[PDB]
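Residue numbers (the UniProt record's numbering), protein chains in the order written: chain A, 2 to 249; chain B, 2 to 91; chain C, 4 to 51, 65 to 135; chain D, 2 to 96; chain E, 2 to 73. The structure appears right after this line, and notes come after that.
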Amino acid sequence: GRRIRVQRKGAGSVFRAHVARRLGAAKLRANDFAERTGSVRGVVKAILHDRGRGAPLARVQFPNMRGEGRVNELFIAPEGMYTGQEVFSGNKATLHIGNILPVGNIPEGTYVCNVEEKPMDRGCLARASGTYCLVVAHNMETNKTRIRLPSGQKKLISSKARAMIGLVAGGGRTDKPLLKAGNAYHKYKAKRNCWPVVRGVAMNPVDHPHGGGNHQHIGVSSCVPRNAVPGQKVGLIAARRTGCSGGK
Amino acid sequence: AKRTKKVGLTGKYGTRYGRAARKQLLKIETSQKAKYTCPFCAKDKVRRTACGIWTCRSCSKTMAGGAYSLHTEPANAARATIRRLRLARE
Amino acid sequence: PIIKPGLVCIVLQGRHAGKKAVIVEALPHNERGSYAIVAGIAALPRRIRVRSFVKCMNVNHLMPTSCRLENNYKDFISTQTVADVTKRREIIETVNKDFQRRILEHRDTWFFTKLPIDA
Amino acid sequence: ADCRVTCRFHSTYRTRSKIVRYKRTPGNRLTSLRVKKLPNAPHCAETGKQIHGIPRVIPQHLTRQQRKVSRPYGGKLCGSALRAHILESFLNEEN
Amino acid sequence: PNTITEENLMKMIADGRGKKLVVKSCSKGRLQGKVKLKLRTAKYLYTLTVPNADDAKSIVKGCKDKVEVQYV
RNA sequence: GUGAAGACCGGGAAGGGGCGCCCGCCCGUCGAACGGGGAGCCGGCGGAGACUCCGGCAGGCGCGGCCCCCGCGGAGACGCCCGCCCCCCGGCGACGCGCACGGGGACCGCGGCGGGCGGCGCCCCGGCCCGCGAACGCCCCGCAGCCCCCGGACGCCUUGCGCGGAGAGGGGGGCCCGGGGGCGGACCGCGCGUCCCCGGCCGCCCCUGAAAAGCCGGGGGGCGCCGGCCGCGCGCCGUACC
RNA sequence: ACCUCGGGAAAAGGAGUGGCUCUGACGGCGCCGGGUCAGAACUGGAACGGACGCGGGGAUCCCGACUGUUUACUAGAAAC
């Protein structure tokens, strides 16, 4: 049997990210002494379009704290960031959209983005268009803050972990139907070679486990175990339940 | 002078793409091409450069916004929360 | 009535922008607009000579401030002077010497401190 | 009768640099003259607007008076951007 | 090539600045009845179009005899 | 770092710089005879070649000799008569697609006029052939666009638009405009298209349309020039022909 | 007819068309450009998009919505 498409995709080669002409990695300002004891001030130079990301990315210039120059930082843009906005990063930063403060300071019910999963991680949580985390509770005794992740899961993070106030912009991007195969082609060019997708029932028995008989059928339960080997895991992985049913 | 009775800017897609998709797009694409009032220069010149990026033609101010509307409904609710919560602290 | 003799302003538009000036004379408003004969610091005392600009500038190009710098100045500075070639050059020397004296004694520090403009 | 100029450049591929305009030589033949891509004149750091005074020539062949503007921040800032900076610097000091 | 700014520039260059030859072309084709004095300095060829032939003669005398003068 | 090796994999490592000092985390003299780039045009010549030869005429980039000396003007936009280094903040290189519209250049066509032909049984001022002007140097203009100054409005305008108390109109100016004219190099008009470039717009995207040498401004600091004229130099390889 | 109101649709079908001799419109006037769009006579073996270039059409049923893509060198499909 041939190495299946998922097996081939992990070997890099043609399935790598189309990262050419991309602005950079969107991350929060590095935790520093003036962000630990005080607030640094930065002006939003430009709101720009990253190639593979629907959400807009904002270039905010901060003073160099270890030199005489200026430091340019690319961040995910929270909705409402304007050219010339004075954002503040630090422990004493005020509660305004676009300011980055530790989430223990941030009151509960606030909508935040680019939250740090762990202290000084530069931001790893709500970064996609229109997404947001919600400050749910503060546990003062453990110095831990519960947040509701975009999937509705709730996680306990450090109170020290920093977050940028505001929904990330580009919201409602998924509502418009792509309409044409064309629009999907354009969007996927910007991201990676993952389109078009051929069903494995359409393929030969050598190419895919679902393979091919005379009647184009899976022929065995699509549900596959969690301990399936790399070629075998092609169906519904460790499905706790299947089918379209109301509830939850 | 009313060139088409029901389909609006969706007349571009002819008879293809179905009725449901063309109805959703009518609303989505009316918002995308709409001129919105500048939050700064109070002039209806804001237009969408890119998804999530809106620039005032007269104000010259570029603002982060919803993909097809300058302001998303979630975002307006978030702004009201932050303003109230900030005021509660002070 | 802010515009007055002995008023310090900052030139906003011109080759001498960012540099503080003093309103020696305020011309009566005419068809040209409202104009003021201003004498200002073209150059700081030194990197670690003081130079003076003596021209008439539209009061739209001047940002009024609170400091005054009270000087005799108008005795040698008039609409007839600053206008002709020469004489203005002579008054530039008299003003530049006066500025040197007001720096040597360390007087009017705000006037003689450069405006910190960035970007 | 047959104004087929042929190709002045090393290769026939017509990129932005390889563009030719035709004139008549004193010997009565059509000629190909390379059209050089005009360099953009400098732009404001704030506003991004073509600064006035400096012509659209490589600044290597311009001369200092023609590649400079007689004002503080003459090339970097425009006279409106500079006026705005002058005002803010003074006003922020007052408060 | 350039046009010399009158005889004052032409003779100032011909008296002291670099000069090799002053060539006097005469009324070619009768488009003009004027005479053209052309000086080759190191940098350029400078031409003075003189309306009157007599006017050119006085200008030629002004050019030093060290400058070669040719007539065509 | 690893693998029996062959070899594969790779920042976390006392990894430089004119220069005592001082400054400094850390690759490329790899990769494109289509991308970027400092600067070339005309005329002529040979049996075979030319953006290369030769003649004319420029431009770029150095180097030397010599002289020289570090601002000024305007109300302002800016103008004009050119400093350098570091450290910073920029700019240029540097950028998508399309419909239409406008402006140039070439091409074309039609007249006139000057020169030369051909045919002619009949006509024929009806046919044809030719009438040339490069790079570059100055000077003067150049729509639209942007900006200044007076001043204080439903007006100004496009093919489509757009624009205006965050400053219109009107009046007078500045700037950019791969362009034109004059002069230097050195036949006269007129029109419709074509083709190429360019301009201001407008439309489009869950698509937003490379980078880097190189060059150039500005701020601060330190220091001390710049310029002109006159000489001189520019190596290495490719270059026939299909 | 039908329709997802966009289409169907060049639906289906008809009629005219050449050359001459004129007459209107339309800008920039004294002038001076335009080359399109109409209209009329008169003619011609009852001829004219006179070569050339250049949809035959209508009613159904099955299948796949569609534009796309594919077994280079026997399957362009209803397959992908």
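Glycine included, every Cβ here is placed at the ideal spot set by N, Cα and C.
| Check | Outcome |
| --- | --- |
| Buried versus exposed, by CB contacts within 10 Å (16 or more), C/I5 | exposed |
| Helix, strand or coil at D/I59 according to DSSP, with G and I counted as helix | coil |
| 8 Å Cβ cut-off: residues of chain A touching B/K62 | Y83, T84, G85 |
| Whole-angstrom distance between E/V61 and C/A24, CA atom to CA atom | 58 Å |
| Assigned secondary structure, residue 1 of chain B (DSSP; H/G/I helix, E/B strand, else coil) | Any answer about residue 1 of chain B is impossible in this case: the structure gives chain B only from 2 up to 91. |
| Chain-ordered chain B contacts of A/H50 [CB-CB under 9 Å] | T50, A51, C52, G53, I54 |
| Interface partners of B/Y69 on chain A, CB under 7 Å | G173, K177 |
| Within-9 Å CB hit, D/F10 to chain C | no |
| Sub-9 Å separation of A/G173 and B/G9 beta-carbons | no |
| A/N140 - containing alpha helix (DSSP H), residue span | Element bounds for A/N140: not the alpha helix (DSSP H) but the beta strand (DSSP E), 134 to 140. |
| Run of the alpha helix (DSSP H) containing C/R117, from where it starts to where it stops | 104 to 120 |
| Cβ neighbour criterion (16 or more within 10 Å) applied to A/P231 | exposed |
| Chain-ordered neighbours of C/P80 on chain D, where CB pairs are closer than 8 Å | What C/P80 touches in chain D: nothing, since even the nearest Cβ is about 10 Å away. |
| Pair within 9 Å by beta-carbon distance, A/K192 and A/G13 | no |
| Euclidean distance between Cα positions of B/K3 and B/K36 | 22 Å |
| Continuous alpha helix (DSSP H) stretch holding B/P75: start and end | 74 to 90 |
| Closer than 9 Å at the beta carbon, the chain B residues around A/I219 | In chain order: nothing, as chain B lies at least about 29 Å away. |
| Contact with chain A by B/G15, beta-carbon distance below 9 Å | no |
| Cβ-Cβ distance between A/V207 and A/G2 below 9 Å | yes |
| C/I40 - partner residues in DSSP beta bridges | C/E28, C/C72 |
| Cβ contact (3+ pairs, closer than 8 Å) linking the stretch 145 to 162 of chain A and the stretch 108 to 116 of chain A | yes |
| Residues near A/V202 by beta carbon distance below 6 Å, same chain, minus five either side | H211, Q217 |
| Under 9 Å by beta carbon: chain D residues contacting C/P132 | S90, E94 |
| Paired residues, beta bridge with E/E69 - DSSP | E/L22 |
| Contact list for B/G66 against chain A, beta-carbon separation under 7 Å | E80, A170 |
| Coarse secondary structure for A/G43, derived from DSSP in three states | strand |
| Neighbour flag for B/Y37 against chain A, beta carbons, 9 Å | no |
| 9 Å Cβ cutoff, C/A135 in contact with chain D | yes |
| B/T16 (DSSP reduced to helix, strand or coil) | coil |
| For E/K37, the three-state DSSP class (helix, strand or coil) | strand |
| Classification of E/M11 by the beta-carbon crowding that lies within 10 angstroms, buried from 16 upward | buried |
| Start and end residues, beta strand (DSSP E) containing A/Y112 | 112 to 114 |
| Reduced DSSP secondary structure (H/G/I, E/B, other) of A/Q154 | coil |
| Backbone CA spacing between A/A21 and B/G53 [nearest angstrom] | 21 Å |
| Beta-carbon proximity of A/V44 to A/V88, cut-off 9 Å | yes |
| Proximity test, D/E95 beta-carbon vs the ligand MN heavy atom, cut-off 8 Å | Among the components of this structure there are no ligands whatsoever, and the ligand MN is therefore not found. |
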